[PDB]
file structure.cif (mmCIF, C-alpha atoms)
data_start
#
loop_
_atom_site.group_PDB
_atom_site.id
_atom_site.type_symbol
_atom_site.label_atom_id
_atom_site.label_comp_id
_atom_site.auth_asym_id
_atom_site.auth_seq_id
_atom_site.Cartn_x
_atom_site.Cartn_y
_atom_site.Cartn_z
ATOM 1 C CA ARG A 1 -16.643 42.536 -0.161
ATOM 2 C CA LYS A 2 -18.983 42.076 -3.078
ATOM 3 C CA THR A 3 -22.114 43.878 -1.942
ATOM 4 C CA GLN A 4 -20.393 46.910 -0.377
ATOM 5 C CA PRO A 5 -16.926 47.121 -1.946
ATOM 6 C CA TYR A 6 -15.058 49.085 0.668
ATOM 7 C CA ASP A 7 -11.931 49.268 -1.532
ATOM 8 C CA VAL A 8 -10.785 48.304 -5.024
ATOM 9 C CA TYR A 9 -12.125 44.721 -4.678
ATOM 10 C CA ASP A 10 -14.846 45.769 -7.137
ATOM 11 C CA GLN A 11 -12.337 45.704 -10.033
ATOM 12 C CA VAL A 12 -11.083 42.118 -10.013
ATOM 13 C CA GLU A 13 -12.723 39.006 -11.407
ATOM 14 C CA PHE A 14 -13.384 36.605 -8.571
ATOM 15 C CA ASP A 15 -16.379 34.535 -7.545
ATOM 16 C CA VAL A 16 -17.135 33.509 -3.965
ATOM 17 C CA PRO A 17 -18.046 29.851 -3.392
ATOM 18 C CA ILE A 18 -21.449 29.140 -1.915
ATOM 19 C CA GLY A 19 -22.670 26.129 -0.059
ATOM 20 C CA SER A 20 -25.714 24.061 -0.824
ATOM 21 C CA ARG A 21 -26.538 21.587 1.945
ATOM 22 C CA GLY A 22 -25.346 23.862 4.743
ATOM 23 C CA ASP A 23 -22.855 21.455 6.117
ATOM 24 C CA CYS A 24 -19.421 21.113 7.646
ATOM 25 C CA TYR A 25 -17.768 19.186 4.850
ATOM 26 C CA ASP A 26 -19.434 21.630 2.513
ATOM 27 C CA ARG A 27 -18.037 24.435 4.651
ATOM 28 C CA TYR A 28 -14.601 22.855 4.334
ATOM 29 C CA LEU A 29 -14.823 22.947 0.552
ATOM 30 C CA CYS A 30 -16.017 26.541 0.816
ATOM 31 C CA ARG A 31 -12.882 27.517 2.742
ATOM 32 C CA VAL A 32 -10.513 25.765 0.335
ATOM 33 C CA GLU A 33 -12.120 27.388 -2.651
ATOM 34 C CA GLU A 34 -11.959 30.807 -1.006
ATOM 35 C CA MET A 35 -8.220 30.166 -0.764
ATOM 36 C CA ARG A 36 -8.091 29.341 -4.454
ATOM 37 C CA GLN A 37 -10.066 32.497 -5.209
ATOM 38 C CA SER A 38 -7.451 34.356 -3.205
ATOM 39 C CA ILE A 39 -4.835 32.956 -5.597
ATOM 40 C CA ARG A 40 -6.920 34.527 -8.386
ATOM 41 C CA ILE A 41 -7.077 37.893 -6.668
ATOM 42 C CA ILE A 42 -3.311 37.955 -6.084
ATOM 43 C CA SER A 43 -2.659 37.220 -9.777
ATOM 44 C CA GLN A 44 -4.922 39.999 -11.018
ATOM 45 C CA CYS A 45 -3.594 42.351 -8.312
ATOM 46 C CA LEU A 46 -0.017 41.865 -9.469
ATOM 47 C CA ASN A 47 -1.020 42.491 -13.043
ATOM 48 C CA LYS A 48 -3.010 45.631 -12.170
ATOM 49 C CA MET A 49 -0.589 47.599 -10.009
ATOM 50 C CA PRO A 50 -0.441 51.417 -10.225
ATOM 51 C CA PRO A 51 2.821 53.082 -9.156
ATOM 52 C CA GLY A 52 1.445 56.048 -7.259
ATOM 53 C CA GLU A 53 2.778 56.751 -3.740
ATOM 54 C CA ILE A 54 2.683 55.211 -0.276
ATOM 55 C CA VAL B 1 14.564 59.003 -11.942
ATOM 56 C CA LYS B 2 12.233 56.702 -10.005
ATOM 57 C CA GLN B 3 12.844 53.188 -8.720
ATOM 58 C CA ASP B 4 9.584 51.788 -7.359
ATOM 59 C CA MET B 5 8.633 48.135 -7.767
ATOM 60 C CA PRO B 6 6.097 47.673 -10.535
ATOM 61 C CA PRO B 7 5.873 44.431 -12.484
ATOM 62 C CA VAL B 8 8.369 44.328 -15.318
ATOM 63 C CA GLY B 9 6.001 44.877 -18.228
ATOM 64 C CA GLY B 10 3.413 42.622 -16.585
ATOM 65 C CA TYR B 11 3.357 39.123 -15.155
ATOM 66 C CA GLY B 12 2.453 35.685 -16.442
ATOM 67 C CA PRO B 13 -0.622 33.830 -15.225
ATOM 68 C CA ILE B 14 -1.044 31.313 -12.437
ATOM 69 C CA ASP B 15 -3.728 28.679 -12.864
ATOM 70 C CA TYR B 16 -6.212 27.744 -10.172
ATOM 71 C CA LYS B 17 -7.801 24.528 -11.453
ATOM 72 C CA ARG B 18 -8.306 21.366 -9.401
ATOM 73 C CA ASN B 19 -5.879 18.801 -10.876
ATOM 74 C CA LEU B 20 -7.326 15.409 -9.930
ATOM 75 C CA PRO B 21 -6.714 12.689 -12.530
ATOM 76 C CA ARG B 22 -9.365 10.191 -11.266
ATOM 77 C CA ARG B 23 -6.966 7.309 -11.957
ATOM 78 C CA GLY B 24 -8.605 4.986 -12.118
ATOM 79 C CA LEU B 25 -7.883 1.645 -13.810
ATOM 80 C CA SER B 26 -11.590 0.964 -14.715
ATOM 81 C CA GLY B 27 -12.359 -0.854 -11.471
ATOM 82 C CA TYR B 28 -14.288 -3.699 -13.057
ATOM 83 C CA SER B 29 -10.877 -4.561 -14.488
ATOM 84 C CA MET B 30 -9.489 -4.308 -10.973
ATOM 85 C CA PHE B 31 -12.010 -6.959 -9.937
ATOM 86 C CA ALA B 32 -10.697 -8.971 -12.880
ATOM 87 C CA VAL B 33 -7.156 -8.524 -11.515
ATOM 88 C CA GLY B 34 -8.130 -9.498 -7.977
ATOM 89 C CA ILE B 35 -10.176 -12.555 -8.925
ATOM 90 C CA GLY B 36 -7.386 -13.586 -11.309
ATOM 91 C CA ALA B 37 -4.759 -13.488 -8.565
ATOM 92 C CA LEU B 38 -7.174 -15.203 -6.169
ATOM 93 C CA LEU B 39 -7.845 -18.051 -8.583
ATOM 94 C CA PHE B 40 -4.127 -18.368 -9.391
ATOM 95 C CA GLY B 41 -3.549 -18.897 -5.701
ATOM 96 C CA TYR B 42 -6.314 -21.490 -5.525
ATOM 97 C CA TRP B 43 -4.976 -23.582 -8.390
ATOM 98 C CA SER B 44 -1.373 -23.594 -7.159
ATOM 99 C CA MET B 45 -2.444 -24.208 -3.563
ATOM 100 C CA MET B 46 -4.611 -27.102 -4.751
ATOM 101 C CA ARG B 47 -1.732 -28.793 -6.559
ATOM 102 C CA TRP B 48 0.658 -28.402 -3.640
ATOM 103 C CA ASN B 49 -1.773 -29.691 -1.026
ATOM 104 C CA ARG B 50 -2.538 -32.830 -2.986
ATOM 105 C CA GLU B 51 1.137 -33.679 -3.425
ATOM 106 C CA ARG B 52 1.720 -33.131 0.280
ATOM 107 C CA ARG B 53 -1.140 -35.555 0.882
ATOM 108 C CA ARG B 54 0.774 -38.086 -1.233
ATOM 109 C CA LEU B 55 3.896 -37.743 0.855
ATOM 110 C CA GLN B 56 1.908 -37.869 4.093
ATOM 111 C CA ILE B 57 0.502 -41.175 2.823
ATOM 112 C CA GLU B 58 4.114 -42.297 2.621
ATOM 113 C CA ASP B 59 4.548 -41.347 6.278
ATOM 114 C CA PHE B 60 1.465 -43.402 7.143
ATOM 115 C CA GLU B 61 3.140 -46.318 5.375
ATOM 116 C CA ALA B 62 6.233 -45.670 7.476
ATOM 117 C CA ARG B 63 4.372 -46.079 10.752
ATOM 118 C CA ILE B 64 2.453 -49.062 9.356
ATOM 119 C CA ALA B 65 5.461 -51.027 8.181
ATOM 120 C CA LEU B 66 7.776 -50.119 11.022
ATOM 121 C CA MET B 67 5.462 -50.967 13.885
ATOM 122 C CA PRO B 68 5.645 -54.720 14.800
#

call {"tool": "encode", "arguments": {"input": "structure.cif", "output": "structure tokens"}}
result
Amino acid sequence: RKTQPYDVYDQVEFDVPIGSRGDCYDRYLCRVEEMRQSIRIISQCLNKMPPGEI
Amino acid sequence: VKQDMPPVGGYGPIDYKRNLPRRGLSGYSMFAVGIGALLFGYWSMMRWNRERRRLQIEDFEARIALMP
């Protein structure tokens, strides 16, 4: 999503969580914070909506 | 006239912060609470056991005096 933005993902502020120790609990926290980043992306998406056509 | 669904002038924010209050109670004080309740129990237990020893001494006197 970030390196090759295949759609309009390039124009929202979000930041992907990274792991450090490479670990399953750490992976769990990574998933939960990707959810919370998805909350961010929904908020900015609703505020940036263009009314073009289907 | 057009009747799509845009936001109505824009939308309010939604936070995404991790609300964890770390309450708490300053756990050294919780040790103070636990040792205080523990020692309360020891003092009251001490008093009650020694008075029950008194009344058990009365029961010893009962079997002593009654026996012959």

call {"tool": "interface_residues", "arguments": {"input": "structure.cif", "of": "chain B", "to": "chain A", "cutoff": "8 Å", "atoms": "all atoms listed in the file", "output": "VMD selection string"}}
result
chain B and resid 4 to 7 10 to 11 13 to 14 16

call {"tool": "atom_distance", "arguments": {"input": "structure.cif", "atom1": "CA of residue 42 (chain B)", "atom2": "CA of residue 24 (chain B)"}}
result
27.4 Å

call {"tool": "atom_distance", "arguments": {"input": "structure.cif", "atom1": "CA of residue 60 (chain B)", "atom2": "CA of residue 41 (chain B)"}}
result
28.1 Å

call {"tool": "resolve_selection", "arguments": {"input": "structure.cif", "expression": "the PyMOL selection byres ((chain A and resi 6-19) around 9)", "output": "list in words"}}
result
residues 1, 2, 4, 5, 20, 21, 22, 23, 26, 27, 29, 30, 31, 33, 34, 37, 38, 40, 41, 44 and 45 of chain A

call {"tool": "atom_distance", "arguments": {"input": "structure.cif", "atom1": "CA of residue 25 (chain B)", "atom2": "CA of residue 37 (chain B)"}}
result
16.3 Å
